[PDB]
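Novice: The structure's right below; bear with me while I get my questions together.
Methodologically, a virtual Cβ is constructed for each residue, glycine included, from the backbone with ideal geometry; neighbour enumeration extends over all protein chains shown. Derivation of every value follows stated rules applied to the coordinates shown; laboratory data play no part.
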Amino acid sequence: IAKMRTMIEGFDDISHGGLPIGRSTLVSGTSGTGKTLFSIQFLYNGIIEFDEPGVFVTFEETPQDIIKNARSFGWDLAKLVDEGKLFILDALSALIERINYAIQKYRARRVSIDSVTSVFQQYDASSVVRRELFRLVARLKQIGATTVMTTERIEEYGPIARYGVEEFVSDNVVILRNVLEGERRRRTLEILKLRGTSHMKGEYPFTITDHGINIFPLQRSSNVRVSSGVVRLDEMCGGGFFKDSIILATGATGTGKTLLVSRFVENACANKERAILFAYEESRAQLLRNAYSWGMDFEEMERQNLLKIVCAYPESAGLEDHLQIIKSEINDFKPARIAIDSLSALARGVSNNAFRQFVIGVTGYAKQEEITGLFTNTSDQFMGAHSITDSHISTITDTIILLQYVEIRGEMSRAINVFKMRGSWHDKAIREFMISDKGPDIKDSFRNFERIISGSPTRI
Amino acid sequence: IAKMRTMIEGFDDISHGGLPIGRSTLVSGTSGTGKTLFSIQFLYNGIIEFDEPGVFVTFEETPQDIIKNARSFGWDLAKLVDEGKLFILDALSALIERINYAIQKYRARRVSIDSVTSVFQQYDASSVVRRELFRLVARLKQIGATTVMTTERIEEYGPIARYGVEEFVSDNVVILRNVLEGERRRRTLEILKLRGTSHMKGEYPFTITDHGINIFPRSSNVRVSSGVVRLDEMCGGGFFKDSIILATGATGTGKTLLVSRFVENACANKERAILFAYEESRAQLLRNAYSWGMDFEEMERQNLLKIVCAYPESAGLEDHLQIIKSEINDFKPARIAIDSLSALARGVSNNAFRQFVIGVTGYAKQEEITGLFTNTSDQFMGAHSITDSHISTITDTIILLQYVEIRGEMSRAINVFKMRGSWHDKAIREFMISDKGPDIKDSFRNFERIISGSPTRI
Amino acid sequence: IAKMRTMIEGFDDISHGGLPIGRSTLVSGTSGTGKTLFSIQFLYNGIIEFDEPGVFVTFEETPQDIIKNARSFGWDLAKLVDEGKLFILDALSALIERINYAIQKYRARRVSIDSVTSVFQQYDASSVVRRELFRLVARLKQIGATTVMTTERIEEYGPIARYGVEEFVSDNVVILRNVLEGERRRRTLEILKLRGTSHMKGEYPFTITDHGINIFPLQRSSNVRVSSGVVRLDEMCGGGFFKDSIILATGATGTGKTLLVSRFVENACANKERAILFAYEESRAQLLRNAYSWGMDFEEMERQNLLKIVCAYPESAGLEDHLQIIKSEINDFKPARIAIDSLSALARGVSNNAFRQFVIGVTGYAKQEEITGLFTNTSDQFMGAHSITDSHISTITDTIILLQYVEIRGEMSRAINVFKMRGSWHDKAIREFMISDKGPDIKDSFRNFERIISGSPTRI
Ligand SMILES: Nc1ncnc2c1ncn2[C@@H]1O[C@H](COP(=O)(O)OP(=O)(O)OP(=O)(O)O)[C@@H](O)[C@H]1O
Ligand SMILES: Nc1ncnc2c1ncn2[C@@H]1O[C@H](COP(=O)(O)OP(=O)(O)OP(=O)(O)O)[C@@H](O)[C@H]1O
Ligand SMILES: Nc1ncnc2c1ncn2[C@@H]1O[C@H](COP(=O)(O)OP(=O)(O)OP(=O)(O)O)[C@@H](O)[C@H]1O
Ligand SMILES: Nc1ncnc2c1ncn2[C@@H]1O[C@H](COP(=O)(O)OP(=O)(O)OP(=O)(O)O)[C@@H](O)[C@H]1O
Ligand SMILES: Nc1ncnc2c1ncn2[C@@H]1O[C@H](COP(=O)(O)OP(=O)(O)OP(=O)(O)O)[C@@H](O)[C@H]1O
Ligand SMILES: [Mg+2]
Ligand SMILES: [Mg+2]
Ligand SMILES: [Mg+2]
Ligand SMILES: [Mg+2]
Ligand SMILES: [Mg+2]
Ligand SMILES: [Mg+2]
């Protein structure tokens, strides 16, 4: 079965090529899942990417309503209909024969039918629907047309379609979900069924933007080293960070993760390299005050157009939304390094399943475009080394910088340790460090101390 | 009763030798479970293996659709149709004799009906379906043909079929499931009832490949090297030609270094190894391998190493298992490394993971392949992690890597925790990583509670 | 109410005698629960165990289909029908009067009717079913026949029968379940209702075999001692194990539970006593290599037909299946001791409810046939003594042998302790032991050590 490249970002990987030629693909989903958007995109790409005649059969939406809605993504459907590339049929065996006419009228190779369940108010029997839907899809294959069929769902995990019959008649079934968990919405796409071919199984996160549908399916390694912004840190990292690596700074709240992130972004702009600080905790105003109090001027770095600062709320938007914002902001500014401050902020009110996929996408994209990523994470234990082990995220990252509070003679001191550095020697010392108006002052390790990992040493 | 071999990989073991002969087998499941693939593959195998005539009664899909779909697995039903071994007849009691004729006009013994549900568009009421289903089963056993019967489900754990009557009529019931959990699909097959014989009970994982449906239902004293000399010493003269070894420790303890040395040592005795990476990409592995004084590029140049990379959460565990089988059955390795188990366990039930590990262990041991599996522990005390894992009791050797805090420094220790059928060193030995690999030094004799990861000097 | 002994293994205990005389017993259950098997067995036993005329009314299954299916258990229904003992009626007031004829025709005392819901396609109303089912069961009591009525269920915990009416009309209700949990199947039987008599309540595990249905409902104690295979162990056990006792060896993976099991089975075959090693971890091949490496030849013991080795997968079959395999393998080989290696393997993917019942059945049967059981269990904690306390299994067993890793001057040594010995003195010392090519070498305890239980002693 030959497959029509839909050119929908992510879908051509998931469907192993695209939609089977001369075969009817069902696309069911609840209200506002983005069926119509998918339906139109299918034809838009095909028309303007392989000169492919495209016929859009409407039912509830007027051609003007359709055409107006698609101007959110900057698609001129009137222009394509003016050039005789599109063919919107305003609107069950008369339309069937009508459909074939337009197909022969413009040598049509792509059809989208939105929506195919609106047409079953006159019938309230799954039987009648089956028989009529069978005849429709049967005739389309006789023609040899590649059609995207749209139906509606009441439940996110119920029947595939309204009469639980539409999926068994169709050759290909794509399920669009808009799942609600924790008062937050996550769009996912599943290819359930492609008769006579293969595909990736399960749901995949996706987002709707001015681009349209953007699905996230799931040689290099350079020995070239980039600085952390801190000299002793570079020395304990056996010469500094690899350019194409993910570093994680983990420690309890106020250990100095953002100071580390500030130097790392400072250092970028001190070599005329661009950096994006993705803030998810403190806002721009605070970050600038604290940055400046450490002897770094982010306004200056933002003045030189070397720094970009993107602060959002870790629970305003879904994780796939944050993933797409990060991608576009990178594909735009073209940074040499990014900082995510922080991951633990993006992980709250999220399943470990969804958060892993997120991190993998950021990690993978950082590595595929050769951007040095420094991600922060606030440990939910006082003993930092236990928190690291109780996290799949810590085993995905290449370098781990552990920041740890240690109680010393009635004082709350802090230590730093390059916990892990894949592909390099690193210092194994748990070094005392102070924060001043000039930043990290990494001193010596605690030679006279046992159980430093606990955060409550005893003198040896 | 006599059972007819389907030659479906796994099914003949689950059904204890195939399908009751002359008897009707219902195969229900939701859309895209592979009911059609099963029903053809039943007919295809029957003709190609046992010269057994096969009639395919179709309703929704046309005979051209069947062959076109069926040619995805490299099956030429058209060729078989030309030679009059197959028969596709397109489509209440008219068909009964219509199919009875064809069966008798071919001397046929294998029939598949896809799908009986699609035909009761106009009956419903359950009673009607039952009475009409009774006739089909009664008037197929009367002939005495062996028919795979396809039916539809709406739910993965609801009614067996659409009208909840089709199973009580059928002599044999096979339920095809495509269960969605954590946004991951898992295909399972179950034999609910086989009237008059025995069968394996409950669900079993399966996959659809270019081969079709693939269901998953000596001990020599020969030793092999780990790649590490003093490790071979502590293992009382290296590993076994067979046996599963588990390297287990916190993130960045040196599991992957041990795995590199183990795969290196295969390729340095002209033996083939497969490194199954599920964490670091091929790109990074090569740099890290090369930085330790090992040339993986050379090992792939010599065609003694094959590196298979994939995302743990990309495909299901059933899927990963078949990739490992196929990649083994092709490359024919002496040893494999799986880096890591704990990656593949992410967002999986312990039940599904246990079965997966049992499959890889048993397959590695059936074909006599030395497996070194890594596992990143979720505790700082590795001995505790080891004990809180059923996988740890399945492996024959356990290599524990332990971070230990010594004089304000994060040192690492290695201990041959367990080794079945052999003496091993019981010493918890300090080791360091250089640009040349493991330097396994001496045990910490002056320290108590080294198992904790935070010794007190004694 | 007098009760007809059905002779179905386990059922005569659960039903407190059997089925009430001249009374209709409903047996509902989903497809493949073993209703027909029960239905036939009822008559088979009755005919061939008390010369009891038996009439089987069919509906969907032909007499030839019925007769052919029952040859899986070696029942010659044709032979019983040839001798005029059986009476299969191929097939709603005509059959009612027809049924009475056969009853008078052969002096019938047992009737089975499979299935009684197939007859209600012509009626789709619970009312009509009730009225017709009432009349049927009413007439059978007028005759004074003891009939097993079979209906079907859609759900494992839904309505008793398809119209939720059939149980209220019947005098006796038996529910057959085939419950699916963890992709594993468990058959259970419940007696819900026996009007005018008593019975055991709740579900009871059961299995279907070449014997048919085999349900598991739920003077001696000898001071005679049997050896463990280990001499010091016998000494610390104050003379060795009691013949009719359950010993549990618990410890972390690789502590030496199987070595203990190997000596225990070796010792049996060194006194010309038969032993069954039930392996659920390592397979025969490995066990023999490791056995032989400890100076024990299991091939030799299997050669002398003194050892049997049954290794299965702890998650191939259900727990009730494993219980029936153990029973048949014992009732066959007639061992003096058994070893289960191990319980923790059989406990994975199982509820504590189901696993307790399993252990109780093995324990009870071991004790009722006077077989010395040594069961192994891998502790899921490093501190073995904590694992013992966090287990109901450990309080059921008579003797507990604790195997414990202990960290001594940079070495991973192991200790052994007879934790508990009901009905005897035992050594209370936590003794260091080594494993060599000759097996356990139990040495001395750690007199100079505190917190040995932790697995990380400190020097005293
Ligand atoms: N420019 C845009 N930016 C963000 N979201 C957009 C944009 N344009 C459209 N959308 C999203 O697309 C959704 C509608 O998509 P579409 O019309 O394809 O849905 P549908 O499933 O066909 O709806 P229905 O089933 O109700 O007809 C809106 O709810 C909106 O959130
Ligand atoms: N060549 C192939 N390689 C891999 N997977 C394949 C291949 N061909 C088919 N499949 C898988 O098998 C599915 C088709 O199976 P099949 O058509 O038998 O399903 P079905 O249960 O009959 O569906 P329906 O109820 O819609 O008729 C595809 O959706 C895909 O997941
Ligand atoms: N010899 C045997 N060994 C093992 N299992 C057997 C054997 N004989 C029969 N069975 C089991 O018995 C089951 C069928 O039992 P039975 O026919 O009594 O079920 P039922 O509930 O009456 O079925 P239905 O409701 O579909 O008519 C089969 O699924 C099979 O697992
Ligand atoms: N060239 C080198 N020289 C010295 N030490 C090195 C070198 N390369 C790596 N190391 C050390 O070895 C570690 C890498 O070991 P490896 O990546 O095999 O560990 P791991 O436990 O498998 O890690 P992960 O949990 O990320 O999978 C580094 O963290 C560092 O301590
Ligand atoms: N030939 C041998 N010589 C010396 N020690 C041996 C020998 N064989 C095994 N051992 C020791 O015994 C251990 C294995 O013993 P055994 O298999 O009885 O343990 P177990 O607790 O049953 O393990 P598992 O959890 O894998 O079932 C090895 O790890 C090793 O310490
Ligand atoms: Mg719409
Ligand atoms: Mg911060
Ligand atoms: Mg099909
Ligand atoms: Mg690693
Ligand atoms: Mg039955
Ligand atoms: Mg053991």
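Novice: Using modelled amide H (1.01 Å from N, peptide plane; none on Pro or chain starts), what sits under 5 Å from the amide H of A:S342, excluding residues fewer than 5 places away?
Specialist: A:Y280, A:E281
Novice: Partner chain Cβ atoms within 10 Å, averaged over the residues of B:249-258 - can you pull that number for me?
Specialist: What the average comes to for B:249-258 is 4.
Novice: At 222 nm, what helix-only mean residue ellipticity would the protein assembly as shown give, in deg cm²/dmol to the nearest 500, using -39500 (n - 2.57) for each DSSP H run of four or more?
Specialist: -9500 deg cm²/dmol
Novice: For a Förster distance of 56 Å, can you work out the FRET efficiency between the beta-carbons of B:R230 and A:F73, rounded to the nearest 0.05? Before the final figure, lay out the partial values.
Specialist: Values: r = 63 Å, r/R0 = 1.13.
The calculated FRET efficiency here is 0.30.
Novice: Using only the Cα atoms of region B:229-457, each taken as one equal point scatterer with no solvent, compute I(q) by the Debye sum, divide by I(0), and report log10 of the ratio at q = 0.08 Å⁻¹.
Specialist: These q points yield log10 I(q)/I(0) values of -0.27.
Novice: Further question: Applying a 10 Å radius around every beta-carbon, put B:83-89, A:320-326, B:324-330, B:18-24 in order of their mean neighbour count, most first.
Specialist: Going by the mean number of other Cβ atoms within 10 Å, highest first, we get B:18-24, A:320-326, B:83-89, B:324-330.
Novice: How many nm is it between the label spots at C:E155 and A:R409, if each spot is 7 Å from the Cα in line with the beta carbon?
Specialist: Those two pseudo-labels are separated by 7.1 nm.
Novice: Hey, another quick one. What order do you get for C:439-447, A:49-57 when each peptide is scored by the mean count of other beta carbon atoms within 10 Å, highest first?
Specialist: A:49-57, C:439-447
Novice: So what's the net charge close to B:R457: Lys and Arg +1, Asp and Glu -1, counting the other residues with Cβ under 15 Å from its Cβ?
Specialist: Result for the neighbourhood of B:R457: +2.
Novice: Kirkwood Rh, Cα Rg: Rg to Rh for chain B?
Specialist: 1.10
Novice: Report the paramagnetic label zone for B:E271: residues of region B:318-334 whose backbone N is under 17 Å from a point 7 Å from Cα along the Cα-to-Cβ axis.
Specialist: The answer is B:328-329, B:331-334, whose backbone nitrogens lie closer than 17 Å to the label point.
Novice: Using a 10 Å cut-off on Cβ to Cβ distances, tally the other chain neighbours for every residue of B:190-203 and report the average as a whole number.
Specialist: Averaged over the peptide's residues, the number is 6.
Novice: To the nearest Å, what is the center-to-center distance of region A:411-437 and region C:2-51, using C-alpha atoms only?
Specialist: Taking the Cα centre of each part, region A:411-437 and region C:2-51 sit 75 Å apart.
Novice: How many Cβ atoms of partner chains, on average, are near each residue of B:278-284 if near means within 10 Å of its Cβ?
Specialist: 5
Novice: Could you work out the percent of alpha carbon pairs in region A:116-231 separated by over 23 Å, rounded to a whole number?
Specialist: Counting every Cα pair in region A:116-231, those more than 23 Å apart make up 48 percent.
Novice: Each residue of region B:65-82 in turn: what ³J(HN,Hα) in whole Hz from Karplus with 6.51, -1.76, 1.60 and θ = phi - 60°, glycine and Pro shown as x?
Specialist: The phi angles translate into 5, 4, 4, 4, 4, 5, 7, 6, 10, x, 9, 9, 5, 4, 3, 5, 6, 4 Hz.
Novice: Whole Å is fine, so just give me how far the alpha carbon centre of region A:309-379 lies from that of region B:190-224.
Specialist: If you average the Cα positions of each part, the centres end up 42 Å apart.
Novice: Student exercise: in region B:28-147, how many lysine pairs 8 or more apart or on different chains have Cα atoms under 23 Å apart?
Specialist: Number of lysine pairs found: 10.
Novice: Here's something else I'd like to know. Any idea how far apart C:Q381 and B:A125 come out in nm if each label point goes 7 Å out from Cα toward Cβ?
Specialist: About 6.5 nm separates the two model spin labels.
Novice: Just want to confirm a number: the relative contact order over region C:225-459, from Cα pairs under 8 angstrom separated by 6+ residues, in percent.
Specialist: Numbers: 464 pairs, mean separation 60.9, N = 235.
This gives 26 percent for region C:225-459.
Novice: Testing the spin-label approximation: label points 7 Å from Cα along Cα→Cβ at A:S31 and A:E282. State their distance in nm.
Specialist: Between A:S31 and A:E282, the label points sit 4.5 nm apart.
Novice: Highest mean first, how do A:288-296, C:226-234, A:131-139, B:159-167 rank when packing is the count of other Cβ atoms within 10 Å averaged over residues?
Specialist: On the way: A:288-296: 16.0, C:226-234: 20.4, A:131-139: 18.8, B:159-167: 22.8.
Output ranking for A:288-296, C:226-234, A:131-139, B:159-167: B:159-167, C:226-234, A:131-139, A:288-296.
Novice: So the label point goes 7 Å from the Cα of B:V81 along Cα→C-beta, right? Which residues of region B:35-61 then have their backbone N under 11 Å from it?
Specialist: Once the point is set 7 Å along Cα→Cβ of B:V81, B:56 turn out to lie under 11 Å by backbone N, inside region B:35-61.
Novice: Quick one: what are the phi-derived ³J(HN,Hα) couplings along region B:205-214, Karplus 6.51/-1.76/1.60 with θ = phi - 60°, whole Hz, x for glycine and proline?
Specialist: x, 8, 9, 9, 10, 5, 8, x, 6, 9
Novice: Spelling out what I want: for every residue of region C:329-338, take phi, set θ = phi - 60°, compute 6.51 cos²θ - 1.76 cosθ + 1.60 (Karplus), and round to whole Hz; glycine and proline get x.
Specialist: Result, rounded to whole Hz: 5, 6, 4, 10, 6, 6, x, 8, 9, 10.
Novice: Next question. Any chance you could check the Cα centroid distance between region A:131-157 and region C:57-121 for me, in angstrom?
Specialist: Between the Cα centres of region A:131-157 and region C:57-121 lies a distance of 49 Å.
Novice: While we're looking at this one, here's another question. Just to verify a number: FRET efficiency for A:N100 and A:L180, C-beta to C-beta distance, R0 = 45 Å, to 0.05?
Specialist: For A:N100 and A:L180, the calculated efficiency is 0.65.
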